[PDB]
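# A look at the structure
The residues making up each chain are set out below.
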Amino acid sequence: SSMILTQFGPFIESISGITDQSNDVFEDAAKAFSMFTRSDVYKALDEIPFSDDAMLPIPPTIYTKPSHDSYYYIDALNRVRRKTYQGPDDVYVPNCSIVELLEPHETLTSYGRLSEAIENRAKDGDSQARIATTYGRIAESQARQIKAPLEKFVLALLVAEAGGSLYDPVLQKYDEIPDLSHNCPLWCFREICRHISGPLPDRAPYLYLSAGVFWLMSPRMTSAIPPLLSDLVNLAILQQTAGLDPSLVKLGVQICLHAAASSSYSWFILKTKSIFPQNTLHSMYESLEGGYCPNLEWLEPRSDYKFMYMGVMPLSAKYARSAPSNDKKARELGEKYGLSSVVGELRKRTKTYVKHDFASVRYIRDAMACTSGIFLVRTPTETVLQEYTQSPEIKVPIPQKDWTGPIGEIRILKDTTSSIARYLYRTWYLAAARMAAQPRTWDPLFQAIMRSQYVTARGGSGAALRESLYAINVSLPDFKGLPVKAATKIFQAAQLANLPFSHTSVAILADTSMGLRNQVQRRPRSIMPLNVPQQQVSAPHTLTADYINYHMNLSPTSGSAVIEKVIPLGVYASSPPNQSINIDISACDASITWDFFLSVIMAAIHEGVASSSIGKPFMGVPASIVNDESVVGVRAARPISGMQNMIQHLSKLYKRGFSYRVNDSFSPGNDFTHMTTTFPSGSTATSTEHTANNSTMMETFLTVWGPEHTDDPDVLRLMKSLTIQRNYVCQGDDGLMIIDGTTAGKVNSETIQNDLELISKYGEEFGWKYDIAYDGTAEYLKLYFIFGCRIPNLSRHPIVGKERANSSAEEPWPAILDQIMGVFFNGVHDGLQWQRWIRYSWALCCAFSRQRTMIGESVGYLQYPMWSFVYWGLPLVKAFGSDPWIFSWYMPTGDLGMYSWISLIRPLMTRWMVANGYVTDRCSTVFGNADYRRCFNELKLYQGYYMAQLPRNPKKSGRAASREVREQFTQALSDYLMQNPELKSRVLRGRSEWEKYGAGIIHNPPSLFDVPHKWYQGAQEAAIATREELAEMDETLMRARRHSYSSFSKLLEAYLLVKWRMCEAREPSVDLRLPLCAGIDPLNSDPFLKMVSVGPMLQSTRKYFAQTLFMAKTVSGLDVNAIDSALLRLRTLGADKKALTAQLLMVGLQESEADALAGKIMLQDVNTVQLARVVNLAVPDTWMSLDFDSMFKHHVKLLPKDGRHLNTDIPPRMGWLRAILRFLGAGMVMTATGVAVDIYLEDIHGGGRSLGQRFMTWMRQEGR
RNA sequence: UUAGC
Ligand SMILES: Nc1ccn([C@@H]2O[C@H](COP(=O)(O)OP(=O)(O)OP(=O)(O)O)C[C@H]2O)c(=O)n1
Ligand SMILES: Nc1ccn([C@@H]2O[C@H](COP(=O)(O)OP(=O)(O)OP(=O)(O)O)C[C@H]2O)c(=O)n1
Ligand SMILES: O=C1C=CN([C@@H]2O[C@H](COP(=O)(O)OP(=O)(O)OP(=O)(O)O)C[C@H]2O)C(O)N1
Ligand SMILES: [Mn+2]
Ligand SMILES: [Mn+2]
């Protein structure tokens, strides 16, 4: 550690709260990090006096592995396959030797890559060579699933941990987290690596590079070492920053060692990933004596996902685990995988917790953080053959007699059918009719928005489309000479812009390209990049599904992302007397096939949509005629609408299946097209479609099936008490059944179990394998809840990991910083020990803030000041002579954040600046007689501030584009969007109207006429950058570092004029014994105190924020938030109604709606959040889990504590000021360590009025 | 070649 101490001494003290932080020391540390060689990090590890408790037997078979060759074979289709040994799953990367297949590297003689000789043979067609190349490429792919070299994270840990224990400012004592000499993952990392390197000077087992991965030429290396080491590093960092229990952490290391000890690390990890969750979370409190759980009320309507805290629910044996015992299966799993030692220890401990409190949930959390975080990996061929193969077993098919004759591609399900499909058909028919009935549906703008949804800078199987079109002799414009990426649906859109649906129809059956995705703790999933016509024709399906989810069920739309994964719902459902069954449907995509669902859904939509869509085109699709054979004998022609024409074509594809074109770049020679009937993921229907069937079937069960299959009075009573509208929330294939409790306690466990067995039996009838889980836990959207307490899953957030499906190289330097920030933010959301985490983040950042640059022997260096990370969101540990750890990680981001920390120590700064020569005769309004301009330029505070706001990736704009083809393109884009003249006429109106009432007021008019340009811009930036464009990026950042400044942004200079007075701490908003988020307990002072004083956000953030916009959606390409800002800004700037009416016309609205909303906006009392946008203020993400709405409303007094001040009074017409003022107050409160405090407006330098003009100046100057 | 939200 003397190696580390000597080289980072001063820096360590700065991020440990002992010494102030200075950019001079930060940048040096950066340079030290950059000069540390990989073997040096191991040399440093050697200096650690590890304790015996940090050691455990390392399996000798982790080193000696068999040849890879016996693990593969060539199949009947000549594709290189993984040869199974431990079951159908044994398809991942096998644990084998690999040195024998490498050629030493030219320079790094001790490291090696796959022999070029072997690849050439493989490329020639040699079976043995292909087998070896595949194994080589896949094993390499496995090692790449990390963000940067493991040594960088380790070195950072060493530097951060050299600071020793950290003193808690609030608790007033040092933490008792064991030092590194007790870190078992680290000890293993050093020992395993040292054992591999052996006599070799090079200490690294492998090198994560750009030229690819290279392996240390040791006969002890294994394809499993990269993943294993990656797991140990995460655990190493977490034991120190999450304050994890070392004893548990070892159980986690043991499993990993066993994974490396197995024949396939990846596979073993997958089969045992449930060990920690099963032996703790799903086995808590078989005995219960005390503790408290939340007591929440679900507000009406339940669809708002809004709850209110009502106190605490004392716990007793009355609430002990009533759900079935998983002991037997749990021990069986351990026995089968040689981990019964771990399982047992886990069970024995889980039993000692008889009180539900901070101690026990932290235990669960702790346990669940020890699960491997590797992104499982296997060759594309293997994913495709395992995912697009299995078919649903429809145990009770729809009788063939129950279909009518064909109506084109569809057959109506007779209304005499006795099949359960009867109900599935009614629901889709109803929704389809009502949706097509809505007037909006027929509005040109709406159809433009829909058509735009899939016009993105993402792929759409471009090539395949082109050829399916060539098959019918129809060539698409190639726009030869344009600097944009051709494999984008944006490019596709332009090619198809001027072609009749009849000419592009065939493309609906074109092949699908391969798209892959690796996930932590899950198998890789294949994806289908549908093409523009395929996406277009799918609208009907998507729209009807949306109608169901918005009007007929209780569902959440999103992918996820904490808090908007509706944390509140989880607290409620998991809180006694409430109970929840976690429903899931396995192989959902393979379960939605034509045979039962799609054939029915297609028919119901086609029929229910008939009367309202009649005689009309839809989204560019014409109406037509199709053969009609419904009635026996009677065979005629039927006039169908364009919307129906869509279902007609979509039905053709769903029926045939998808032609998945598989070009496995990891497996030489594995090129094949695989036909599959599994549902598409890349469809705009997918998510919403599955969410819809989910609720529909569950509704059918609870209403029909269930009741009809049991005469059990209790099961019938329970069932009758459940409605999909109140008690069943779902998203995609995930379901959460919430059984509200009574005063008599919770519903009988045995009755619930009966109910569930009926649900299971029910699914088999139509090919669905329900994955039901009744264990006293709530698990929805990968969020874990117990007794009202959320349990973050640290293992699903690998600190070092990163999905990398493709072979392409990582993004150029800068890019990594964003990733490091995201790592920080997860730690804040996951609840790690705030100080330990903040200090480590500083070490990690500093270790990635410097990069070597080239300009032609012009060897320089790009260095980000420490101040750039603050701007990005990382709080200061201690600056300007202030006390240590006064800043919380809830410090806002950007300007709002800069204003907050600076305001919290304004005087300190001034006093310090002066005391250090930074004095002047000019008295600064914010910094008194401090020479703040000369100070910030020297410390690189301005420099860093501006560097933070510059692009972290190369820009392609500026590429020479021949004006003519450039115009043809943007023209094509335009025609695609301006298909319907009515829309265009609308925008034109807004335009001439704008020149009269709005032009001049603001300069950011969002216009549909911008879309073509924004779209082109996107297709451009999607293409690969050039080494030159990379140089231009560095030059920009490097120029901003040279330049000197005299001020901050115009807005931040305005906020600084506002001074406050922090006062009395807020009273608790929730009980202090109440466990709300494991890890967030009295042991994690700042997060914990914030949670308690501020209170938890008890509503769905998506519902909440949906109430801060006048318009929810708009043509993809425009910004809903921009439009909302433009309108409020025009209002705030005194613009006339007609001006807002003009703005709305310009983004597609009908004059009537335009005038209506315009007139509505004018007279509205805009809420804080919504209004705060006029000046680009946004609720910080880190705040999302807290009750910020209440902080704004009741704890940020705008009336000075001692009455009214001339400067503080808010001008008559400047009421909007109050919204902006609330953010500034909140900013300071949230940034200060400890309890939320009530803050009071103390002063506004030039008065409110002056401030308003200052803001309005900014407003009217935006985009000049 | 590398999807929808
Ligand atoms: N002032 C410097 C010099 C080097 N490096 C880092 O060094 C790495 C590769 O170059 P080296 O060969 O390691 O640098 P040298 O300066 O030549 O080595 P030292 O003086 O011991 O000789 C990458 C580069 O960012 C750095 O950050 N700052
Ligand atoms: N923004 C960037 C990123 C990389 N490079 C160039 O790429 C070359 C090597 O790539 P890296 O692997 O990214 O640089 P290293 O110094 O070898 O180490 P790493 O980025 O961790 O620092 C040398 C460097 O000049 C550059 O000029 N500008
Ligand atoms: O990036 C993503 C991630 C999930 N998606 C959808 O959600 C579901 C299923 O969710 P999950 O449980 O994660 O996938 P399964 O195949 O059902 O995993 P398994 O049976 O172990 O549960 C299938 C997809 O349609 C999606 O479309 N895109
Ligand atoms: Mn599933
Ligand atoms: Mn799922």
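Residues numbered from 1 in each chain as written, not as in the entry; some residues may be left out. Chains lettered and ligands numbered in written order. Heavy atoms only, no water.

This entry, as listed in the PDB, derives from X-ray crystallography and reports a resolution of 2.8 Å.

Scanning chain A from N- to C-terminus turns up 51 helices and 33 strands. The C-alpha atoms of chain A give 31 Å as radius of gyration, which agrees with the globular expectation for 1264 residues (33 Å, within 12%). Oriented by its inertia axes, the alpha-carbon framework of chain A measures out at about 100 × 80 × 75 Å. Across the 1264 residues in chain A, those meeting the buried criterion constitute 60%. Of note, chain A has its 130 positive side-chain charges centred 3 Å away from the centre of its 126 negative side-chain charges. (Helix = DSSP H or I, 4+ residues; strand = E, 2+ residues; numbered from the N terminus. Rg over C-alpha atoms; globule rule 2.2 N^0.38 Å. Buried < 20%, exposed > 50% of the residue type's maximum accessible area, 1.4 Å probe, protein only. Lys, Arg positive; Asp, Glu negative; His and termini not counted. Charge placed at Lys NZ, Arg CZ, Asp CG, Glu CD.)

For ligand 2, the full set of nearby residues is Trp813, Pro814, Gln851, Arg852, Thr853, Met854, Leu1030, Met1033 and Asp1034. One nitrogen or oxygen atom from the main chain of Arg852 is found 2.9 Å from an oxygen atom belonging to ligand 2. Here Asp1034 contributes a side-chain N or O atom positioned 2.8 Å from a nitrogen atom of ligand 2. Here ligand 2, which alone exposes 560 Å², has 58% of that area covered by the protein. (Near = heavy atom within 4 Å. Polar contact = N/O pair within 3.5 Å; in protein donor to acceptor, adjacent residues only side chain to side chain. Areas by Shrake-Rupley, 256 points an atom, 1.4 Å probe, with all protein chains shown as cover.)

Right, let's get into the sheet that holds strand β24 (residues 778-780). With antiparallel pairing, three strands are arranged side by side in an open sheet as β24-β25-β26. Lying at the two open borders of the sheet, with one neighbouring strand each, are β24 and β26 (789-790). Where β24 lies against strand β25 (residues 783-786), three bridges are found, and the strand directions are antiparallel. Bridged to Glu779 within β25 is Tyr784. (Pairing = 2+ DSSP bridges.)

Attention now moves to the pattern of salt bridges. What the rule picks out here adds up to 56 salt bridges. The residue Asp175 makes a salt bridge to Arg836 at a minimum N-O spacing of 3.0 Å. Here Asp175, found in the loop between β6 (173-174) and α7 (184-197), pairs with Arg836, found in helix α32 (residues 834-846); they are 661 residues apart in sequence, far enough to count as distant. Between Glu409 and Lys655 there is a salt bridge, with its nearest N and O atoms 3.2 Å apart. Of this pair, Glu409 sits in the loop between β12 (403-407) and β13 (410-413) while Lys655 is found in helix α27 (residues 642-656), placing the two residues 246 residues apart along the sequence. Overall, the relative accessible area of 36% leaves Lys655 in the partly exposed class. (Salt bridge = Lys/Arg side-chain N within 4 Å of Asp/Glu carboxyl O.)

Looking now at the packing of aromatic side chains. If you walk through the whole model with that rule in mind, you get 71 aromatic pairs. Their ring planes at 70 degrees and their centres at 6.0 Å tell us that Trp267 and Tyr337 sit as a pair that is edge-to-face. Of this pair, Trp267 sits in helix α10 (residues 265-272) while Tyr337 sits in the loop between α12 (327-336) and α13 (340-352), placing them 70 residues apart in sequence. Each member of the pair, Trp267 together with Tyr337, is buried. An aromatic cluster is present here, built from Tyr871, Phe927, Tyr932, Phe936, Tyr942, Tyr945, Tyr946, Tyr1045 and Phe1048 joined pairwise through their rings. Sitting over the ring of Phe848, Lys152 keeps its end group 5.0 Å from the ring centre. Above the ring of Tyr976, the side-chain terminus of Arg451 is found at 4.0 Å from the ring centroid. (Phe/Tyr/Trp six-rings, centres within 6.5 Å; stacked < 30°, edge-to-face > 60°. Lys NZ or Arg CZ within 6 Å of the ring centre and 35° of its normal.)

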